[PDB]
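What follows is start_5.cif (mmCIF, C-alpha atoms and all ligand atoms).
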```cif
data_my_file
#
loop_
_atom_site.label_atom_id
_atom_site.label_comp_id
_atom_site.auth_asym_id
_atom_site.auth_seq_id
_atom_site.Cartn_x
_atom_site.Cartn_y
_atom_site.Cartn_z
CA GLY G 2 -55.96 132.41 19.78
CA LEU G 3 -55.06 131.38 16.24
CA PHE G 4 -57.18 134.04 14.56
CA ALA G 5 -56.46 136.75 17.15
CA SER G 6 -52.67 136.40 16.96
CA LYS G 7 -52.96 136.58 13.17
CA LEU G 8 -54.83 139.89 13.27
CA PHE G 9 -51.97 141.16 15.44
CA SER G 10 -49.38 140.02 12.89
CA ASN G 11 -50.92 142.10 10.08
CA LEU G 12 -50.28 145.21 12.21
CA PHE G 13 -46.71 145.23 10.86
CA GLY G 14 -47.73 144.19 7.36
CA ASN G 15 -51.03 145.76 6.33
CA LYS G 16 -51.37 149.38 5.16
CA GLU G 17 -48.00 149.05 3.38
CA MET G 18 -47.40 147.99 -0.23
CA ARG G 19 -44.07 147.44 -1.97
CA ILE G 20 -43.55 148.66 -5.53
CA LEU G 21 -40.71 148.54 -8.06
CA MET G 22 -39.97 150.72 -11.10
CA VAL G 23 -37.69 149.44 -13.87
CA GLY G 24 -37.33 148.74 -17.58
CA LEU G 25 -35.51 150.62 -20.33
CA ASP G 26 -32.91 153.34 -19.75
CA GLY G 27 -35.02 155.77 -21.80
CA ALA G 28 -38.61 154.93 -20.84
CA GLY G 29 -38.81 157.42 -17.99
CA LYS G 30 -39.13 155.33 -14.82
CA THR G 31 -37.48 158.16 -12.90
CA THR G 32 -39.82 160.79 -14.36
CA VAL G 33 -43.03 159.02 -13.31
CA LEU G 34 -41.84 157.86 -9.88
CA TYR G 35 -40.98 161.45 -8.97
CA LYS G 36 -44.26 162.83 -10.32
CA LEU G 37 -46.48 160.50 -8.30
CA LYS G 38 -44.16 160.66 -5.29
CA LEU G 39 -43.37 164.39 -5.38
CA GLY G 40 -46.41 165.56 -7.36
CA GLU G 41 -44.16 167.64 -9.64
CA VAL G 42 -41.94 166.92 -12.63
CA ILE G 43 -38.23 167.60 -12.12
CA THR G 44 -35.02 167.34 -14.14
CA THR G 45 -34.50 163.64 -14.83
CA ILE G 46 -31.20 161.96 -15.71
CA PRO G 47 -29.77 158.44 -16.32
CA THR G 48 -30.02 156.61 -13.00
CA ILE G 49 -26.91 154.54 -12.27
CA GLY G 50 -28.23 152.32 -9.49
CA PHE G 51 -31.47 152.36 -7.50
CA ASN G 52 -33.65 155.00 -5.83
CA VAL G 53 -36.38 154.32 -3.27
CA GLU G 54 -39.33 156.66 -2.83
CA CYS G 55 -41.69 156.77 0.15
CA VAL G 56 -45.16 157.88 -0.95
CA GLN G 57 -48.47 157.66 0.90
CA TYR G 58 -51.74 156.89 -0.90
CA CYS G 59 -55.15 155.94 0.52
CA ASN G 60 -53.61 155.42 3.99
CA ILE G 61 -51.06 153.07 2.40
CA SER G 62 -47.29 153.42 2.17
CA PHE G 63 -46.25 152.59 -1.39
CA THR G 64 -42.50 152.13 -1.77
CA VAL G 65 -41.29 152.64 -5.33
CA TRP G 66 -37.66 151.78 -6.02
CA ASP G 67 -36.29 152.94 -9.38
CA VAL G 68 -33.43 150.79 -10.63
CA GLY G 69 -31.51 151.66 -13.79
CA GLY G 70 -33.06 150.07 -16.86
CA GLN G 71 -29.79 150.07 -18.81
CA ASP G 72 -28.15 146.82 -19.88
CA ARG G 73 -25.31 147.25 -17.40
CA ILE G 74 -28.01 147.72 -14.75
CA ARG G 75 -29.98 144.63 -15.86
CA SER G 76 -27.85 142.50 -13.52
CA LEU G 77 -28.42 144.85 -10.58
CA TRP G 78 -32.12 143.90 -10.80
CA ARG G 79 -31.25 140.86 -8.66
CA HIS G 80 -30.48 143.16 -5.70
CA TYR G 81 -34.05 144.46 -5.18
CA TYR G 82 -33.72 142.98 -1.66
CA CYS G 83 -36.86 140.80 -2.10
CA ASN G 84 -39.91 142.86 -1.05
CA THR G 85 -41.54 144.48 -4.12
CA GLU G 86 -45.17 143.33 -4.26
CA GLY G 87 -45.79 144.89 -7.66
CA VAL G 88 -43.55 146.10 -10.48
CA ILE G 89 -43.96 149.05 -12.84
CA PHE G 90 -42.57 148.56 -16.34
CA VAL G 91 -41.98 151.80 -18.23
CA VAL G 92 -42.16 151.56 -22.01
CA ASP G 93 -41.58 154.55 -24.29
CA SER G 94 -44.64 155.08 -26.47
CA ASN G 95 -43.13 157.60 -28.88
CA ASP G 96 -40.01 155.42 -29.34
CA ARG G 97 -41.08 152.68 -31.76
CA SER G 98 -37.44 152.06 -32.65
CA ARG G 99 -36.70 150.46 -29.28
CA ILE G 100 -40.31 149.29 -28.70
CA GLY G 101 -38.98 145.73 -29.11
CA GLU G 102 -36.16 146.19 -26.64
CA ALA G 103 -38.59 147.14 -23.87
CA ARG G 104 -40.80 144.19 -24.79
CA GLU G 105 -37.86 141.77 -24.82
CA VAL G 106 -36.41 143.24 -21.61
CA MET G 107 -39.62 142.74 -19.62
CA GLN G 108 -39.73 139.12 -20.83
CA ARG G 109 -36.36 138.45 -19.18
CA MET G 110 -37.70 139.88 -15.92
CA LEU G 111 -40.97 138.00 -16.37
CA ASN G 112 -39.13 134.75 -17.11
CA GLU G 113 -37.11 135.01 -13.88
CA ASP G 114 -37.98 132.53 -11.13
CA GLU G 115 -36.79 135.08 -8.57
CA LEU G 116 -39.39 137.51 -9.93
CA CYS G 117 -42.25 135.10 -10.69
CA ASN G 118 -44.09 136.44 -7.61
CA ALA G 119 -43.85 140.17 -8.41
CA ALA G 120 -46.37 142.11 -10.48
CA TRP G 121 -45.80 143.77 -13.86
CA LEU G 122 -47.72 147.01 -14.38
CA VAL G 123 -46.84 148.54 -17.75
CA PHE G 124 -47.14 152.30 -18.24
CA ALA G 125 -46.64 153.73 -21.73
CA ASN G 126 -44.49 156.81 -21.12
CA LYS G 127 -44.17 159.87 -23.38
CA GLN G 128 -47.92 159.66 -24.07
CA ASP G 129 -47.95 163.47 -23.90
CA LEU G 130 -45.89 163.56 -27.12
CA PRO G 131 -47.94 164.59 -30.22
CA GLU G 132 -46.81 161.32 -31.80
CA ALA G 133 -47.46 159.27 -28.66
CA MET G 134 -48.38 155.67 -29.46
CA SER G 135 -51.91 154.52 -28.66
CA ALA G 136 -52.69 151.76 -26.17
CA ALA G 137 -53.93 149.57 -29.01
CA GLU G 138 -50.53 149.54 -30.73
CA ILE G 139 -48.33 149.22 -27.64
CA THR G 140 -50.60 146.48 -26.31
CA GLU G 141 -50.80 144.48 -29.55
CA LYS G 142 -47.06 144.68 -30.28
CA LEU G 143 -46.39 143.59 -26.70
CA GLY G 144 -48.62 140.53 -27.13
CA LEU G 145 -50.83 141.65 -24.25
CA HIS G 146 -53.77 139.57 -25.50
CA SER G 147 -51.49 136.59 -26.11
CA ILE G 148 -49.97 136.81 -22.62
CA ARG G 149 -52.15 135.35 -19.86
CA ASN G 150 -49.53 133.60 -17.72
CA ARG G 151 -48.33 136.63 -15.72
CA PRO G 152 -50.25 139.52 -14.05
CA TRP G 153 -49.42 142.51 -16.26
CA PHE G 154 -51.33 145.48 -17.69
CA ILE G 155 -50.73 148.32 -20.17
CA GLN G 156 -51.65 151.91 -19.30
CA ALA G 157 -51.11 155.18 -21.17
CA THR G 158 -49.31 157.67 -18.92
CA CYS G 159 -47.84 161.17 -19.11
CA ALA G 160 -45.13 161.84 -16.54
CA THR G 161 -44.49 165.38 -17.78
CA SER G 162 -47.90 166.30 -16.37
CA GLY G 163 -48.63 163.30 -14.17
CA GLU G 164 -52.05 162.46 -15.61
CA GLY G 165 -53.10 158.82 -15.22
CA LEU G 166 -50.32 158.21 -12.67
CA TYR G 167 -52.71 158.33 -9.73
CA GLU G 168 -55.05 155.80 -11.35
CA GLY G 169 -52.16 153.36 -11.70
CA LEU G 170 -51.43 153.34 -7.98
CA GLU G 171 -55.15 152.84 -7.30
CA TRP G 172 -55.47 149.86 -9.65
CA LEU G 173 -52.54 148.05 -8.05
CA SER G 174 -53.68 148.66 -4.46
CA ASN G 175 -57.04 147.10 -5.39
CA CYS G 176 -55.43 143.98 -6.83
CA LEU G 177 -53.77 143.06 -3.52
CA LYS G 178 -56.19 144.29 -0.83
CA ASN G 179 -53.88 142.30 1.45
CA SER G 180 -55.97 139.13 1.08
CA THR G 181 -54.65 138.99 -2.49
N1 LIG G 201 -42.07 164.86 -22.29
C1 LIG G 201 -41.72 163.85 -21.48
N2 LIG G 201 -40.45 163.48 -21.41
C2 LIG G 201 -40.27 162.45 -20.56
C3 LIG G 201 -41.21 161.79 -19.80
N3 LIG G 201 -40.61 160.78 -19.05
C4 LIG G 201 -39.35 160.86 -19.35
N4 LIG G 201 -39.07 161.85 -20.26
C5 LIG G 201 -37.76 162.20 -20.81
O1 LIG G 201 -36.89 161.10 -20.62
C6 LIG G 201 -35.56 161.59 -20.26
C7 LIG G 201 -35.22 161.08 -18.88
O2 LIG G 201 -36.07 160.00 -18.53
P1 LIG G 201 -35.63 158.93 -17.43
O3 LIG G 201 -36.63 159.01 -16.19
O4 LIG G 201 -34.10 159.17 -17.06
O5 LIG G 201 -35.79 157.50 -18.14
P2 LIG G 201 -35.48 156.16 -17.32
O6 LIG G 201 -36.64 155.10 -17.63
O7 LIG G 201 -35.35 156.52 -15.77
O8 LIG G 201 -34.09 155.56 -17.85
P3 LIG G 201 -32.78 155.57 -16.92
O9 LIG G 201 -33.07 156.57 -15.71
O10 LIG G 201 -31.59 156.09 -17.85
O11 LIG G 201 -32.56 154.07 -16.44
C8 LIG G 201 -35.63 163.10 -20.40
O12 LIG G 201 -35.22 163.53 -21.69
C9 LIG G 201 -37.10 163.40 -20.14
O13 LIG G 201 -37.52 164.58 -20.80
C10 LIG G 201 -42.56 162.18 -19.89
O14 LIG G 201 -43.55 161.72 -19.30
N5 LIG G 201 -42.73 163.25 -20.78
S1 LIG G 202 -38.68 158.09 2.87
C1 LIG G 202 -37.86 159.70 3.16
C2 LIG G 202 -36.35 159.51 3.38
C3 LIG G 202 -35.78 158.79 4.35
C4 LIG G 202 -34.39 159.32 4.64
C5 LIG G 202 -33.34 158.39 4.03
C6 LIG G 202 -34.21 159.39 6.15
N1 LIG G 202 -34.33 160.62 3.97
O1 LIG G 202 -34.45 161.56 4.89
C7 LIG G 202 -35.38 160.58 2.94
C8 LIG G 202 -36.12 161.91 2.77
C9 LIG G 202 -34.71 160.21 1.61
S1 LIG G 203 -58.19 155.80 0.97
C1 LIG G 203 -59.74 156.63 0.46
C2 LIG G 203 -59.74 158.11 0.86
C3 LIG G 203 -59.81 158.59 2.11
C4 LIG G 203 -60.43 159.96 2.10
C5 LIG G 203 -59.36 161.03 2.30
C6 LIG G 203 -61.45 160.03 3.24
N1 LIG G 203 -61.02 160.10 0.77
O1 LIG G 203 -62.32 159.92 0.87
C7 LIG G 203 -60.31 159.15 -0.08
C8 LIG G 203 -61.21 158.46 -1.11
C9 LIG G 203 -59.20 159.90 -0.82
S1 LIG G 204 -36.19 137.87 1.04
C1 LIG G 204 -34.82 137.51 2.21
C2 LIG G 204 -35.10 138.12 3.59
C3 LIG G 204 -35.65 139.31 3.82
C4 LIG G 204 -36.35 139.30 5.16
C5 LIG G 204 -37.76 139.87 5.02
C6 LIG G 204 -35.54 140.15 6.14
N1 LIG G 204 -36.44 137.88 5.54
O1 LIG G 204 -36.34 137.80 6.85
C7 LIG G 204 -35.38 137.21 4.77
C8 LIG G 204 -34.09 137.00 5.56
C9 LIG G 204 -35.92 135.86 4.31
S1 LIG G 205 -41.29 133.92 -7.99
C1 LIG G 205 -41.64 133.09 -6.40
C2 LIG G 205 -40.92 131.74 -6.30
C3 LIG G 205 -39.79 131.40 -6.93
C4 LIG G 205 -39.74 129.91 -7.12
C5 LIG G 205 -38.76 129.28 -6.14
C6 LIG G 205 -39.29 129.62 -8.56
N1 LIG G 205 -41.09 129.43 -6.82
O1 LIG G 205 -41.70 129.17 -7.96
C7 LIG G 205 -41.70 130.48 -5.99
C8 LIG G 205 -43.18 130.72 -6.30
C9 LIG G 205 -41.55 130.07 -4.53
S1 LIG G 206 -55.64 141.19 -8.15
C1 LIG G 206 -57.35 141.27 -8.78
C2 LIG G 206 -58.36 141.42 -7.64
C3 LIG G 206 -58.14 141.13 -6.35
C4 LIG G 206 -59.44 140.79 -5.67
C5 LIG G 206 -59.91 141.96 -4.80
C6 LIG G 206 -59.22 139.55 -4.80
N1 LIG G 206 -60.40 140.58 -6.76
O1 LIG G 206 -60.58 139.29 -6.91
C7 LIG G 206 -59.85 141.30 -7.91
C8 LIG G 206 -60.06 140.57 -9.24
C9 LIG G 206 -60.52 142.68 -7.98
#
```
Just give me the structure of the file as structure tokens.
Amino acid sequence: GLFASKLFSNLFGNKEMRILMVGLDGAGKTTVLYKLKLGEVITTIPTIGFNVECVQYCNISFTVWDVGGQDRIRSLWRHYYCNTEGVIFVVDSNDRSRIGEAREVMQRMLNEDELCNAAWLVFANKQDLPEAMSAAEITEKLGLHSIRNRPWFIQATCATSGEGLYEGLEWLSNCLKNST
């Protein structure tokens, strides 16, 4: 009775994963979310609020909400509505000038008690740019090797084409597998 009823409870919980997309106002959170969700790159613009996206992958229903990464939006991050199982931090690779802003911004999100249970998947955007930063530089500067207190990873992605985007959704789904 205890085990059975449990298996019945997962019916309205399993097969569905919650995702969040945020960060800097110039990283390209909107560009990627639309590429993996719509499969095609469209005209992106500064998002002033949040935008949910229903996408299906491997029989699962990944929900990716894209909230403005701007400073003025930073506060809005506390209106996610508690549900995101994993987050997707977008960091511009070709923009070394702000490379510290993105790093410092994620820290604020990572230092939040209200977000100490959500994931932090980092995806270096603008990788398609001829001067796109390598994973070694973005990782080192971000203290990836020095940070082992929060589940976060760095991945090189190109939203303009969408390469590597699929792999990201696959890596996350494996990390939870419900049981986790
Ligand atoms: N070439 C290229 N440009 C990109 C890519 N992702 C974003 N951009 C550029 O970034 C700008 C818009 O990106 P956004 O998706 O609005 O960036 P954001 O992280 O959503 O920031 P806000 O929406 O302002 O909070 C445009 O100039 C796009 O061309 C990418 O993968 N490749
Ligand atoms: S997830 C698709 C979705 C739901 C609803 C709000 C009903 N709209 O029709 C869109 C397509 C945005
Ligand atoms: S979720 C795994 C999946 C199902 C199916 C369509 C049968 N394919 O084999 C993949 C691996 C895409
Ligand atoms: S996280 C707050 C909230 C959301 C929902 C899943 C509907 N829960 O029932 C509560 C009210 C705790
Ligand atoms: S981040 C999840 C959460 C918040 C807080 C109340 C600070 N706790 O540490 C839990 C893990 C319950
Ligand atoms: S989140 C990492 C992950 C989940 C689980 C399937 C439980 N495994 O232990 C790995 C490490 C693959």
Rows by chain and residue number, chain G within 7 Å of ligand LIG 201 (chain G), shortest pair, only C-alpha atoms and all ligand atoms, as a tab-separated table:
```
residue	atom	partner	partner_atom	distance
G:23	CA	G:LIG201	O6	6.9
G:24	CA	G:LIG201	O6	6.4
G:25	CA	G:LIG201	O6	5.4
G:26	CA	G:LIG201	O8	3.2
G:27	CA	G:LIG201	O8	4.1
G:28	CA	G:LIG201	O6	3.8
G:29	CA	G:LIG201	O5	3.0
G:30	CA	G:LIG201	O6	3.8
G:31	CA	G:LIG201	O3	3.5
G:32	CA	G:LIG201	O3	4.1
G:33	CA	G:LIG201	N3	6.5
G:45	CA	G:LIG201	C7	4.8
G:46	CA	G:LIG201	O4	4.2
G:47	CA	G:LIG201	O10	3.3
G:48	CA	G:LIG201	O9	4.1
G:68	CA	G:LIG201	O11	6.7
G:69	CA	G:LIG201	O11	3.7
G:70	CA	G:LIG201	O11	4.1
G:71	CA	G:LIG201	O11	5.4
G:91	CA	G:LIG201	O6	6.3
G:126	CA	G:LIG201	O14	5.3
G:127	CA	G:LIG201	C10	4.5
G:128	CA	G:LIG201	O14	6.8
G:129	CA	G:LIG201	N5	6.1
G:130	CA	G:LIG201	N1	6.3
G:159	CA	G:LIG201	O14	4.3
G:160	CA	G:LIG201	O14	3.2
G:161	CA	G:LIG201	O14	4.1
G:162	CA	G:LIG201	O14	7.0
```
At most 8 Å from ligand LIG 202 (chain G) (all atoms listed in the file): residue list as a list in words: residues 53, 54, 55 and 56 of chain G
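Among the candidates G:157, G:42, G:125, G:20, the residue lying nearest to residue 96 in chain G is G:125 (atoms considered: all atoms listed in the file).
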Env. residues ligand LIG 204 (chain G) / 7 Å / only C-alpha atoms and all ligand atoms / as a ChimeraX atom specification: /G:82-84
Nearest to residue 169 in chain G by atom-to-atom distance, counting only C-alpha atoms, from G:145, G:123, G:137, G:111: G:123
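When all atoms listed in the file are used to compute distances to residue 106 in chain G, the closest of the residues G:38, G:51, G:78, G:140 turns out to be G:78.
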Determine the axis-aligned bounding box of all atoms of ligand LIG 206 (chain G) present in the file, pad each side by 5 Å, and express its centre and edge lengths in Å to one decimal place as AutoDock Vina command-line options.
```
--center_x -58.1 --center_y 141.0 --center_z -7.0 --size_x 14.9 --size_y 13.4 --size_z 14.4
```
Expected residue set, 10 Å radius at (-44.8, 153.1, -31.7), only C-alpha atoms, as a ChimeraX atom specification: /G:93-101,132-136,138-139,142
Surrounding residues as a list in words, ligand LIG 205 (chain G), max 9 Å, all atoms listed in the file: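 Those residues are residues 113, 114, 115, 116, 117, 118 and 119 of chain G.
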Could you turn the residues from that selection into a file that holds C-alpha atoms, as an mmCIF file, in the frame of the given file?
```
data_model
loop_
_atom_site.group_PDB
_atom_site.id
_atom_site.type_symbol
_atom_site.label_atom_id
_atom_site.label_comp_id
_atom_site.auth_asym_id
_atom_site.auth_seq_id
_atom_site.Cartn_x
_atom_site.Cartn_y
_atom_site.Cartn_z
ATOM 1 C CA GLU G 113 -37.110 135.010 -13.880
ATOM 2 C CA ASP G 114 -37.980 132.530 -11.130
ATOM 3 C CA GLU G 115 -36.790 135.080 -8.570
ATOM 4 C CA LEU G 116 -39.390 137.510 -9.930
ATOM 5 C CA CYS G 117 -42.250 135.100 -10.690
ATOM 6 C CA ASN G 118 -44.090 136.440 -7.610
ATOM 7 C CA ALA G 119 -43.850 140.170 -8.410
#
```
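CA of residue 177 in chain G is found 27.8 Å from CA of residue 50 in chain G.
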Expected selection as a list in words for ligand LIG 206 (chain G) within 7 Å, all atoms listed in the file: residues 175, 176, 177, 178, 180 and 181 of chain G
Dump of C-alpha atoms for the selected residues, as a compact mmCIF listing (two decimals), keeping the file's coordinate frame:
```
# COMPACT_ATOMS: atom_id res chain seq x y z
CA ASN G 175 -57.04 147.10 -5.39
CA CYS G 176 -55.43 143.98 -6.83
CA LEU G 177 -53.77 143.06 -3.52
CA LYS G 178 -56.19 144.29 -0.83
CA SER G 180 -55.97 139.13 1.08
CA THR G 181 -54.65 138.99 -2.49
```
Please report as CSV every residue of chain G lying within 10 Å of ligand LIG 203 (chain G), along with the nearest atom pair and their distance in Å (one decimal), using only C-alpha atoms and all ligand atoms.
```
residue,atom,partner,partner_atom,distance
G:57,CA,G:LIG203,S1,9.9
G:58,CA,G:LIG203,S1,6.8
G:59,CA,G:LIG203,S1,3.1
G:60,CA,G:LIG203,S1,5.5
G:61,CA,G:LIG203,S1,7.8
G:171,CA,G:LIG203,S1,9.3
```
Exercise: residue 34 in chain G partners within 8 Å, all atoms listed in the file, chain neighbours under 5 positions left out, as a PyMOL selection string: chain G and resi 22+54+65+67
Range 71-95 of chain G rebuilt with N, CA, C and O atoms, output as an mmCIF file, in the frame of the given file:
```
data_model
loop_
_atom_site.group_PDB
_atom_site.id
_atom_site.type_symbol
_atom_site.label_atom_id
_atom_site.label_comp_id
_atom_site.auth_asym_id
_atom_site.auth_seq_id
_atom_site.Cartn_x
_atom_site.Cartn_y
_atom_site.Cartn_z
ATOM 1 N N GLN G 71 -30.856 150.360 -17.862
ATOM 2 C CA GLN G 71 -29.790 150.070 -18.810
ATOM 3 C C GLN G 71 -29.362 148.607 -18.756
ATOM 4 O O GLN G 71 -29.663 147.887 -17.804
ATOM 5 N N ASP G 72 -28.648 148.188 -19.794
ATOM 6 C CA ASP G 72 -28.150 146.820 -19.880
ATOM 7 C C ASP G 72 -27.228 146.512 -18.713
ATOM 8 O O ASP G 72 -27.388 145.507 -18.022
ATOM 9 N N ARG G 73 -26.263 147.399 -18.494
ATOM 10 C CA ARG G 73 -25.310 147.250 -17.400
ATOM 11 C C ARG G 73 -26.024 147.161 -16.054
ATOM 12 O O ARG G 73 -25.505 146.580 -15.101
ATOM 13 N N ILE G 74 -27.223 147.738 -15.982
ATOM 14 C CA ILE G 74 -28.010 147.720 -14.750
ATOM 15 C C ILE G 74 -28.853 146.449 -14.655
ATOM 16 O O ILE G 74 -29.231 146.033 -13.559
ATOM 17 N N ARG G 75 -29.163 145.847 -15.809
ATOM 18 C CA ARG G 75 -29.980 144.630 -15.860
ATOM 19 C C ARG G 75 -29.614 143.617 -14.772
ATOM 20 O O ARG G 75 -30.493 143.009 -14.160
ATOM 21 N N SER G 76 -28.319 143.440 -14.535
ATOM 22 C CA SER G 76 -27.850 142.500 -13.520
ATOM 23 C C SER G 76 -28.204 142.969 -12.114
ATOM 24 O O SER G 76 -28.545 142.164 -11.249
ATOM 25 N N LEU G 77 -28.116 144.275 -11.888
ATOM 26 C CA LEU G 77 -28.420 144.850 -10.580
ATOM 27 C C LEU G 77 -29.860 144.555 -10.145
ATOM 28 O O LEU G 77 -30.190 144.667 -8.964
ATOM 29 N N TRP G 78 -30.717 144.191 -11.099
ATOM 30 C CA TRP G 78 -32.120 143.900 -10.800
ATOM 31 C C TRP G 78 -32.266 142.757 -9.789
ATOM 32 O O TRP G 78 -33.322 142.606 -9.174
ATOM 33 N N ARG G 79 -31.212 141.963 -9.605
ATOM 34 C CA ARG G 79 -31.250 140.860 -8.660
ATOM 35 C C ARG G 79 -30.840 141.307 -7.246
ATOM 36 O O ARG G 79 -30.549 140.476 -6.386
ATOM 37 N N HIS G 80 -30.834 142.621 -7.006
ATOM 38 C CA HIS G 80 -30.480 143.160 -5.700
ATOM 39 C C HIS G 80 -31.645 143.967 -5.113
ATOM 40 O O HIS G 80 -31.458 144.754 -4.185
ATOM 41 N N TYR G 81 -32.850 143.759 -5.655
ATOM 42 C CA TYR G 81 -34.050 144.460 -5.180
ATOM 43 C C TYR G 81 -34.222 144.312 -3.670
ATOM 44 O O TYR G 81 -34.887 145.133 -3.038
ATOM 45 N N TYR G 82 -33.631 143.255 -3.098
ATOM 46 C CA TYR G 82 -33.720 142.980 -1.660
ATOM 47 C C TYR G 82 -35.024 142.268 -1.299
ATOM 48 O O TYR G 82 -35.480 142.345 -0.161
ATOM 49 N N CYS G 83 -35.610 141.561 -2.279
ATOM 50 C CA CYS G 83 -36.860 140.800 -2.100
ATOM 51 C C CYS G 83 -37.876 141.526 -1.196
ATOM 52 O O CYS G 83 -37.760 141.505 0.029
ATOM 53 N N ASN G 84 -38.880 142.149 -1.812
ATOM 54 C CA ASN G 84 -39.910 142.860 -1.050
ATOM 55 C C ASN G 84 -40.977 143.499 -1.959
ATOM 56 O O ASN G 84 -42.121 143.674 -1.538
ATOM 57 N N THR G 85 -40.605 143.853 -3.187
ATOM 58 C CA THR G 85 -41.540 144.480 -4.120
ATOM 59 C C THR G 85 -42.749 143.582 -4.363
ATOM 60 O O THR G 85 -42.605 142.446 -4.814
ATOM 61 N N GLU G 86 -43.941 144.096 -4.065
ATOM 62 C CA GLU G 86 -45.170 143.330 -4.260
ATOM 63 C C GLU G 86 -45.679 143.499 -5.684
ATOM 64 O O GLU G 86 -46.312 142.595 -6.237
ATOM 65 N N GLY G 87 -45.379 144.637 -6.300
ATOM 66 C CA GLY G 87 -45.790 144.890 -7.660
ATOM 67 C C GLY G 87 -44.755 145.700 -8.412
ATOM 68 O O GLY G 87 -44.137 146.596 -7.839
ATOM 69 N N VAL G 88 -44.544 145.386 -9.684
ATOM 70 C CA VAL G 88 -43.550 146.100 -10.480
ATOM 71 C C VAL G 88 -44.212 147.042 -11.481
ATOM 72 O O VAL G 88 -45.357 146.842 -11.878
ATOM 73 N N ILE G 89 -43.473 148.067 -11.882
ATOM 74 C CA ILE G 89 -43.960 149.050 -12.840
ATOM 75 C C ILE G 89 -43.016 149.153 -14.028
ATOM 76 O O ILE G 89 -41.959 149.778 -13.934
ATOM 77 N N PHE G 90 -43.393 148.536 -15.139
ATOM 78 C CA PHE G 90 -42.570 148.560 -16.340
ATOM 79 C C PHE G 90 -42.867 149.784 -17.193
ATOM 80 O O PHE G 90 -44.000 149.999 -17.621
ATOM 81 N N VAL G 91 -41.839 150.589 -17.430
ATOM 82 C CA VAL G 91 -41.980 151.800 -18.230
ATOM 83 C C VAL G 91 -41.535 151.563 -19.662
ATOM 84 O O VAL G 91 -40.382 151.217 -19.918
ATOM 85 N N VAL G 92 -42.459 151.754 -20.600
ATOM 86 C CA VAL G 92 -42.160 151.560 -22.010
ATOM 87 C C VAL G 92 -42.440 152.833 -22.807
ATOM 88 O O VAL G 92 -43.565 153.332 -22.817
ATOM 89 N N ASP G 93 -41.416 153.345 -23.483
ATOM 90 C CA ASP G 93 -41.580 154.550 -24.290
ATOM 91 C C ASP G 93 -42.612 154.316 -25.384
ATOM 92 O O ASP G 93 -42.526 153.342 -26.131
ATOM 93 N N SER G 94 -43.594 155.206 -25.472
ATOM 94 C CA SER G 94 -44.640 155.080 -26.470
ATOM 95 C C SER G 94 -44.234 155.736 -27.787
ATOM 96 O O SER G 94 -44.530 155.222 -28.865
ATOM 97 N N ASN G 95 -43.560 156.876 -27.693
ATOM 98 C CA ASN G 95 -43.130 157.600 -28.880
ATOM 99 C C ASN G 95 -41.828 157.042 -29.469
ATOM 100 O O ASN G 95 -41.349 157.544 -30.485
#
```
